[PDB]
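Can you read through this structure? Questions will come right after.
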Amino acid sequence: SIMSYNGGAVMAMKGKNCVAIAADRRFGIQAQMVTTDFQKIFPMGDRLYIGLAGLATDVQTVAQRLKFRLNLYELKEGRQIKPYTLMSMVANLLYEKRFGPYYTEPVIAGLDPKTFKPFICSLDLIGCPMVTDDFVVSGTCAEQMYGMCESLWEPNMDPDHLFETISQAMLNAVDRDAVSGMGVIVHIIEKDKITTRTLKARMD
Amino acid sequence: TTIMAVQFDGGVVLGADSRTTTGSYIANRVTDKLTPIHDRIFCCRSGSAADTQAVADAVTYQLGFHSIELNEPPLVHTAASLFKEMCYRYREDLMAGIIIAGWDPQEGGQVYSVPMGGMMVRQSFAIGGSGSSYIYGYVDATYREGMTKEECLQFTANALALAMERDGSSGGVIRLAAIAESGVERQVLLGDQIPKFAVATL
Amino acid sequence: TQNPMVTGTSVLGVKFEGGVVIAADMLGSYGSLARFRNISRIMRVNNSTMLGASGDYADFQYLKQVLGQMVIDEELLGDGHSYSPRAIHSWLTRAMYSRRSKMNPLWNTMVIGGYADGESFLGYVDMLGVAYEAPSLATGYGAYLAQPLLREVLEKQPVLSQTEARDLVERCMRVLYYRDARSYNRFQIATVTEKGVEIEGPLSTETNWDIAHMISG
Amino acid sequence: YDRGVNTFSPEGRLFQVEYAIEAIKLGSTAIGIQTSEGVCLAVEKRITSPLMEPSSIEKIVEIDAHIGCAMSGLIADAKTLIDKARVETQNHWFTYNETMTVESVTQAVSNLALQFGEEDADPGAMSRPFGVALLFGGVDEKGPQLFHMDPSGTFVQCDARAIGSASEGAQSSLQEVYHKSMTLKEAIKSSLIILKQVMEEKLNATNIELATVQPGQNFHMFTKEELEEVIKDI
Amino acid sequence: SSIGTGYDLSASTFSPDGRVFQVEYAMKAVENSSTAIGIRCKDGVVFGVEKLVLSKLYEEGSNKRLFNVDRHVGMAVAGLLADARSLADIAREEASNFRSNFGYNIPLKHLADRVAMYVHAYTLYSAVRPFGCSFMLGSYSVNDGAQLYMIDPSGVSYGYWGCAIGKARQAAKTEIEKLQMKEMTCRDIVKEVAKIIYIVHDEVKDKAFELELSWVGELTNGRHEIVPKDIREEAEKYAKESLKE
Amino acid sequence: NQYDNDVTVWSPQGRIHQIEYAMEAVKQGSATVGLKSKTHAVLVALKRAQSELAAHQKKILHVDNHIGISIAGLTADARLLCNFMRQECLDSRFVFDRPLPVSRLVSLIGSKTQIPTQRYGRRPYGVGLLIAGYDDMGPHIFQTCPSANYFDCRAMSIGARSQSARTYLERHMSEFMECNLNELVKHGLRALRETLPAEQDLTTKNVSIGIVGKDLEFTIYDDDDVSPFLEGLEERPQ
Amino acid sequence: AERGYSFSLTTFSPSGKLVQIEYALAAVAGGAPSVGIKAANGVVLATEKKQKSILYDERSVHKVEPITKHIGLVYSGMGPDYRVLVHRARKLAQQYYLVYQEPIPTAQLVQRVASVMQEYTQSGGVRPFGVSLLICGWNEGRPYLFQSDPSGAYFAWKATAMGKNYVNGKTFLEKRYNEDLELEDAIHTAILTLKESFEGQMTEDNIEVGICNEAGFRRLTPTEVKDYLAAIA
Amino acid sequence: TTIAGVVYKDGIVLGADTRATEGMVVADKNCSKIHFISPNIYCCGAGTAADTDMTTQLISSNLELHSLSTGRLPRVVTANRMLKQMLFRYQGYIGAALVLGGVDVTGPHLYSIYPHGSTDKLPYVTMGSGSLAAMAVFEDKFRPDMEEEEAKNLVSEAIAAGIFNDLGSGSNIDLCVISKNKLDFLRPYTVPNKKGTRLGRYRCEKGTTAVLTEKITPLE
Amino acid sequence: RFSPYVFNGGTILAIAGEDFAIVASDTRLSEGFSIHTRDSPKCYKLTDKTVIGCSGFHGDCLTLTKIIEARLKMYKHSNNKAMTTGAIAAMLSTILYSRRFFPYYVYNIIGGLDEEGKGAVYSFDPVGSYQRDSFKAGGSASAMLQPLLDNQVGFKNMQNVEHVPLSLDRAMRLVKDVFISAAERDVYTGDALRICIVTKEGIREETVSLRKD
């Protein structure tokens, strides 16, 4: 498959007044790993991140064109973008290529810049949006991530517990996938700060 | 699908089954396959539902504008020619078997066939659709020059009943419509109103 | 046309003294179904030429329309000029080759007959643009069944009368009705003389079936 | 008062074409002579400063090994036509494997005649006529030929012809001295003589250019020394 | 009735009194043209044209102002000739396309409407100029009857029993209104047409001329045809003799 | 003067001045004559030279085996039209394998030339043509003007001082239909001759002849191939 | 046949003026007057919808038009131009909604419409719009009132007037109006500033009013306008 | 996916399930399949999710423009025409299967719209992988001129049939009731499905995840 | 599906002498196992010094022929002269290559005189690769004709035999002989044989009978 050509995993998780997004760090071509520091999570404003898994080229390209349109948005209007709005923007961007799609399944995680209410979502390769109140996953180890997230996720979690949960989910899901891993990175974001961590992970 | 049209003196008679299938499943067991193109011009559709609906709408539009611009009741041959043009020009992209029939103050009651190729021919009677195959013989041995309107009605009713009995892609209810200078008389034969034939026993 | 639908089979043609005769059954077949048993596959193209078509009937109707318009357009001028049979043949050749080269052919095989300036004309045009002249022509199964008979006669008596030609044509059509499963016992004969183009109505072929009683011995 | 570029005068002419003809009358004068031994083309360089390198002034160019061209008027406009002519000859060679006739090349360049206009045209079409007169000198199956072309598009074969500011005088002088049996030497000599007559500066080796095309020899532009040997015999 | 201060240089410009002078000038070009008349009776339509000969060097039947637009539709023009020919080509193409798309011969009123819309299209923009011609279309059918329409440079199209265009328009019309064409036959009409032409002709200002005559009716099975040399010369003789009174 | 500069502008009196000014371009060209018998069609044209050291302008062009033309006016427009006619003839032979009827070629020229007399920024063709042809209806001489109008002539002449030729031709029309080729070309040459002062006359240097007929493809004669025609004329003296 | 003039009809004068724009503004300052007031909890638009006969059906054409569910428009100047701009504005709003799935901010709509207006001052073969627009909107809690002129320039107002006597209406507004007004009081002073010009008996069918609170834009019923025109309610 | 629609005495009942699957894995347990077209017109969507989304949104937009211009409430025929013509133009490459229902000046109207552009006007329709079960329910228990609660019960029953008999369907039931003077966008109708209560606490305590790198970024 | 090509058979031969050129072909037009006609020669006179033989797909043969005619006329109009044989060869090369991605299914052999009056033969491939030859056979029976001509005209594999130039007489009887043998072994070759002789005098045409089976 095309999505499995580079592999990778991206997850987002809701908390109390916080939110989390994580991704593995492997960039490989089929069986061969090329790099272990590949960026799959991109800041789209303060307290608003997007996670892109799938074909590495389209990860980078979608990220870049997204930053393009986003910067234009934040210039024309005098405000940072709302999460729903970013989701609709990405959806539009992906559906523009309905018959020649980018091979990425984006995940959005952020807090409403006006309020603080956590928001998460995921989209098709052709931009079908899906919002949940618990978690979203995308990647070559989707079934694994689902398995972990359905068993670990509690509703009203505090930053530390959200962290531990999303970290264990990502680690244990990725460790049952051959083309995902070589490290995990987690952004846990709350109203006042953003914590970025790299997990101790297997490198095989 | 089984469609049928018979021409008589004062006008024409149209008949169709009501079964629309997607595979072996019946998406619609009560389809209207007799479609008004003008006040006294109808078409019988067969083939792709999307194709025939689209084409019929387009022809209705064109013919409406045409009739307004001429300030005259449109010719049946004209509607038939419009169908012919569309069905021939896009013959590789359409799957449609059409029967255009109606009345016209200039040439009276008329029936035209526009089969899948895009050719057009006038006929005394016309049949079309999957089920038509099973009633070619019957319709050939039962037809008779100079039928009355009610005779043509009973005729199409019988033929369609037989076809529907034999063809799996045909069935449901029978829709009839007589067209003449008088106007349009539509009726529906269902259940026991549908002609029955003695089934072999011993 | 990529997939022919309603089709007509063989078309026959033969030159004779001061004229040309063309024959074709009135059947439009839908695969193996004898669906439309009363259509003409012969067109009068002005007063000195005529056309017969095998293959897709819809494309034949299209060609009939275009040609008709051309003839009308020309006769509007009244400049004492008219399309010769050879000219119609040339045009048809160019058209078929053009459609062929666009990979969107007219699925027809056509026989053009004509009489002009004291000479008989008989031309064959393919759907690929293969065209030629000959004293006798037969499309489809006629090319396998009728043409050997026609040639057999014409290489023992090159000059035929109208009657000899008509008889020959009737015999050939009979053979076709015997051996072609997509023919019909109802045909037309079209003739060009200096008097113009005549299209004789529905003719039947007499058939013999005595060999039905030669089973055992 | 502004009118279209394709407007007729009540006399039946195109204003732009006529004004272009007028624009030629300011050009450097040029002389062509046709002869059974070859065709010669001579033109004054019109150096306006000692600081200007005169070798960068070419009013005579090679269209092909058997066809040369001398130009007068707006040289910038001439460059386009020259290139088009060369391309034309090369296309003809490519297609038919044989050289172009001088008349054919001339006709080709003449096809770009009244190909100007405002409305109903390509966005890369010419807005005005070419303000240039041309003299084609060549050798083919019909022998040595010489043709003349003006912004009207009308081209004609000529035995001896002058274009430029001193066109009339030079043409008269040519008429007085031309006969269909001259040698190439007499032709070149005559050309240089009349040129010296009409030129305002003193004729010398770095003041004009001269080129010949003979049946046995490809297009040749005369060197400085080769020019000196001729100017010697004034 | 004569304003020319830039208000008459384009068809995209109204005059302050609500007029388009370019169209009026084209009409004026029609007025300066030789006269052509057409008349409709109970079994068809007849056309007559006063074709002025500018030189004896021109052949008989040069510069015809009678056209075959369709096998059932004839056309008579007056005004700038080349324009008339172009409009004839337009009419022909319209009729052809109608046949190809609908299967039957185009109704005359419809052909008229179409060509007239085409003509009107040239009276709106500065990019093009109005047609310097007026024309008549004649036709006959058993299902429609005999029909005669007229179209002017503005794009106006009307149905007539009798009509005329060119120099002697009104005089010709006065001569026409004396006829009871609703009861006469084309046969009887040809003579009257030729007659009215010979009357209306001005032999002093205009030198020699040639008479054009066109049939279209039940006598011709609906085909627009030229009047035979016989009937033509008969009508001409009738005219010349009727001219001496 | 405000109805002078655009072809899309009618004058208040029903005229188009650009068309007429274009017509004036025909008169600026050297005279040419064309006449027909019942078997042959002949163009005769007075060539014309700038200076004595320049050859004489081509006046007769070949179009198709059965059709040739004589030009008068802008030579560029002449070559334009010539290429158009050639292409149309080629098209006709390609599609129908029969030569293109002369009257139809002419009609096509009319259609093509009418177009730019109605569009803004466009100009009429500044050239008049005489067309000699032969088809199924015999010989033909046609005349085309910048006004996009055309005429079927029995004989004609256009260009500078062509009124004289027009008069002469108008005198001897009744002879033409029964003349032989030599006599026809003779008459054409006389018609062309009357367009000159008594000082100058025809030569093998300033005359081009073009003939087409039932037994002869369109052919152009000039230089020494004209001599057999001229050497057979009456030295018309003042 | 037709193509199009490709040159500007609007050009700089030697004084540095875009004459056609100022003439367009002259066309605006000759039309029926309109008033707009932003009032803390809402916005009011009102205009003189004075017909020319009793034959005119005033229940057929409107001057106060909705653009979406939260944005409204009125104008001063030429009607047809306004109608064009209304269609265009609605289209723009819907494009925005299709891309962002979020109702268009009033300022953004104003900017886009203004861009369209600017095009017709520079593109070929066209004259500028003879219309000034007043645009009201509810977005992000706050209320919004903008004005866009034929040059394509726009301004945010607390309150303003356009059309005939717009200067005196403007002064009247500057004095007899200020912030912390409820929408009701704003409607009151709006009909009051329109009445400073409406020559004749100002009925419930002589003027048109539209409101914009955080419940959406809507046109006031003639009944409600009658109740307000009772110099009370 | 199981979507259905029915015509009752006072209007129209639309029904849908809420499961969204990617392959044979449930991605969404609470997907909204009932889309807003106009205040009086709604549309259930099966087939390619993105295509139904964009199609339905586009038509909603164009219809808002239409009603804004006309000043009247949109008709259902209009929605049907726009949808079917757009879909036919794309020759089935837009995988939108739709149940379109609404109330007009001419009354209640229910169409089913197929991705190729064919439509059917019927008193009851079903679309989706679970359409045959729902259709069975309808063909067994449908009568003309039902009352509101009866119709709601019938539709919810059909959607339930789909939910429990089709692997493509599941979770909750959404209804949308549209009458001449009421709009009941009940979401969801009734969730006949529940995750079983967690028997364990797999809660991880702080420090149980080893960290290699940390970086705190203060905001504002 | 649909194939725009069909093989129509036909054999073609051309020989170049010191002062002559022969271009010969059979007259049979066939398709599949049938005879379309027995009177359809593959030779076409282009100029008075040049003849071309075209074998293969008949539709392309016709089309190509007419294109060549039109373009000859065009060169004449444009240059006031006729095309030389070499010029026609080169032009043909370009015409054939213009269809590089949808070829004319035509094997062409040009035979005529150059400008020195000497015999010239040009052989082509369907995309316009062309060379000059002393003699060349193309078409169905090409492989039967070529080796004999290599033997009797090229004197290949012949020891102590005088290298006398080919006379017209001998060339003619050679052409007749090879076509007679080909008619025996090739089912596509037969019915009749047309020979075109090209010399300063012009173009002669001779017709010989072949067997009709």
Side-chain angles (χ1 to χ4, degrees), chain B residues 1-20 29-37 39-46 76 80 97-104 107-113 115 121-200, chain C residues 35-38:
Chain B
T1 296
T2 316
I3 55 189
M4 189 175 177
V6 184
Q7 166 187 325
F8 62 92
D9 204 351
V12 299
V13 162
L14 298 204
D17 78 293
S18 68
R19 182 172 296 184
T20 290
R29 64 175 170 106
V30 62
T31 312
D32 199 345
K33 300 181 186 176
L34 307 187
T35 294
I37 302 306
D39 295 331
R40 280 161 165 79
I41 301 180
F42 268 72
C43 81
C44 300
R45 315 166 292 115
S46 113
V76 176
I98 314 297
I99 295 180
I100 292 90
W103 183 87
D104 176 43
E107 295 290 349
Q110 24 185 351
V111 171
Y112 295 88
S113 302
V121 62
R122 187 182 174 178
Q123 292 180 301
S124 302
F125 69 89
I127 59 180
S130 59
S132 57
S133 311
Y134 309 112
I135 59 166
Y136 272 97
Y138 176 79
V139 84
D140 283 339
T142 318
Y143 180 74
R144 175 178 65 93
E145 281 195 350
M147 291 182 174
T148 72
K149 161 179 160 187
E150 14 280 328
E151 277 178 333
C152 292
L153 234 50
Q154 181 76 359
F155 182 52
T156 68
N158 288 9
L160 293 186
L162 293 163
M164 288 159 66
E165 176 69 10
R166 286 299 183 168
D167 186 30
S169 292
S170 299
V173 85
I174 295 192
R175 293 190 189 278
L176 296 175
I179 308 175
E181 183 170 22
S182 312
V184 180
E185 310 174 358
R186 306 194 67 172
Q187 57 170 311
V188 173
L189 301 183
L190 53 91
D192 299 324
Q193 303 186 45
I194 302 175
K196 303 169 186 176
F197 298 89
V199 187
Chain C
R35 187 171 182 185
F36 303 106
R37 325 115 85 194
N38 197 27

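First the proteins, then the strands, lettered A, B, ... as listed; each starts at 1.
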Could you report the tightest heavy-atom contact between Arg45(B) and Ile98(B), atom names first, then the distance?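 Scanning both residues, the minimum pair turns out to be CA-CD1, 4.3 Å.
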Parallel, tilted or perpendicular: rings of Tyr143(B) and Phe125(B) (30°, 60°):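 It falls in the tilted class, 30° to 60°.
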Any idea which heavy atoms bring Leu34(B) and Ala177(B) closest together, and the distance?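 In this case the closest contact between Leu34(B) and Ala177(B) is CD1-CB, 3.9 Å.
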If we ignore hydrogens and angles and just use 3.5 Å, is the side chain of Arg19(B) paired with the main-chain N or O of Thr2(B) as donor and acceptor?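 Checked: no pair found.
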Using the test salt bridge (charged side-chain N to carboxylate O under 4.0 Å, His left out), find all partners of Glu181(B) that sit at least two apart in sequence or belong to another chain.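 Counting only residues at least two positions away or on another chain, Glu181(B) forms no salt bridge (charged side-chain N to carboxylate O under 4.0 Å, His left out).
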Does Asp104(B) pair with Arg40(B) as a salt bridge, N-O distance under 4.0 Å?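 No, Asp104(B) and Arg40(B) are not salt-bridged.
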Would you indicate whether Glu165(B), at its atom CD, is surrounded by more than 12 heavy atoms from other residues, nucleotides or ligands within a distance under 6.0 Å?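 Atom CD in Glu165(B) is not packed in, count stays at 12 or less.
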Quick check: closest heavy atoms across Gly97(B) and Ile3(B), and the distance to 0.1 Å?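 Looking at all heavy atoms of both residues, the closest pair is O-CD1, 3.8 Å.
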Can you tell me how far apart CG (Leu162(B)) and CD1 (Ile194(B)) are? Round to the nearest 0.5 Å.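 Reported value, rounded in 0.5 Å steps: 11.5 Å.
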Got a sec, which residues hit salt bridge (charged side-chain N to carboxylate O under 4.0 Å, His left out) with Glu151(B), two or more places apart in sequence or on another chain?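 Per chain and number, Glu151(B) pairs via salt bridge (charged side-chain N to carboxylate O under 4.0 Å, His left out) with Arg144(B).
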Within the structure provided, determine whether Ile174(B) and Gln193(B) are in side-chain contact (heavy-atom separation under 4.5 Å).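 With C-beta onward as the side chain, the pair stays apart.
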Return the CD1 to OG1 distance between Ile100(B) and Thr35(B), rounded to the nearest 0.5 Å.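 Reported value, rounded in 0.5 Å steps: 11.0 Å.
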Minimal non-hydrogen separation, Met147(B) against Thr142(B), with atom names: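 In this case the closest contact between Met147(B) and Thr142(B) is CE-O, 3.4 Å.
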Within a reach of under 6.0 Å around CG of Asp140(B), are more than 12 heavy atoms found that belong to other residues, nucleotides or ligands?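 Enclosed.
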Does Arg122(B), at its CZ atom, have more than 12 non-hydrogen atoms belonging to other residues, nucleotides or ligands within less than 6.0 Å?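 More than 12 within 6.0 Å, yes.
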Passing option when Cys152(B) is tested against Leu176(B), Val13(B), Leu14(B) for side-chain contact (heavy atoms from CB on, under 4.5 Å):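 In the set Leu176(B), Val13(B), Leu14(B), the residue that makes a side-chain contact (heavy atoms from CB on, under 4.5 Å) with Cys152(B) is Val13(B).
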Considering all heavy atoms of both residues, which atom of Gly10(B) and which atom of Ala180(B) are nearest to each other, and what is their separation?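 What the structure gives for the nearest pair is O-CB, 3.3 Å.
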Applying the side-chain contact (heavy atoms from CB on, under 4.5 Å) criterion to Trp103(B), which one of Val76(B), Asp39(B), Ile179(B), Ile41(B) satisfies it?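 Checked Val76(B), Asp39(B), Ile179(B), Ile41(B) against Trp103(B); only one passes side-chain contact (heavy atoms from CB on, under 4.5 Å): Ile179(B).
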Would you say that more than 12 heavy atoms from the other residues, nucleotides or ligands in this model lie under 6.0 Å from the CZ of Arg186(B), or not?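 Correct, the count exceeds 12.
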Quick one: does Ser18(B)'s side chain have a donor or acceptor within less than 3.5 Å of a partner on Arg29(B)'s backbone?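 Yes, the answer is positive, given that a donor and an acceptor are paired below the 3.5 Å cut-off.
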Begin from the C-alpha positions of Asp167(B) and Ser130(B) and carry the test side-chain hydrogen bond (donor to acceptor under 3.5 Å, both in side chains) through to its verdict. CA-CA 7 Å; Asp167(B) 186 30; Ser130(B) 59; 2.5 Å; yes
Where is the tightest heavy-atom contact between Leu189(B) and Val173(B), given as atom of each residue plus distance?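 In terms of heavy atoms, the two residues are closest at O-CG2, 3.1 Å.
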Side chain of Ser113(B), backbone of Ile99(B): donor and acceptor closer than 3.5 Å?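 It does not hold such a pair.
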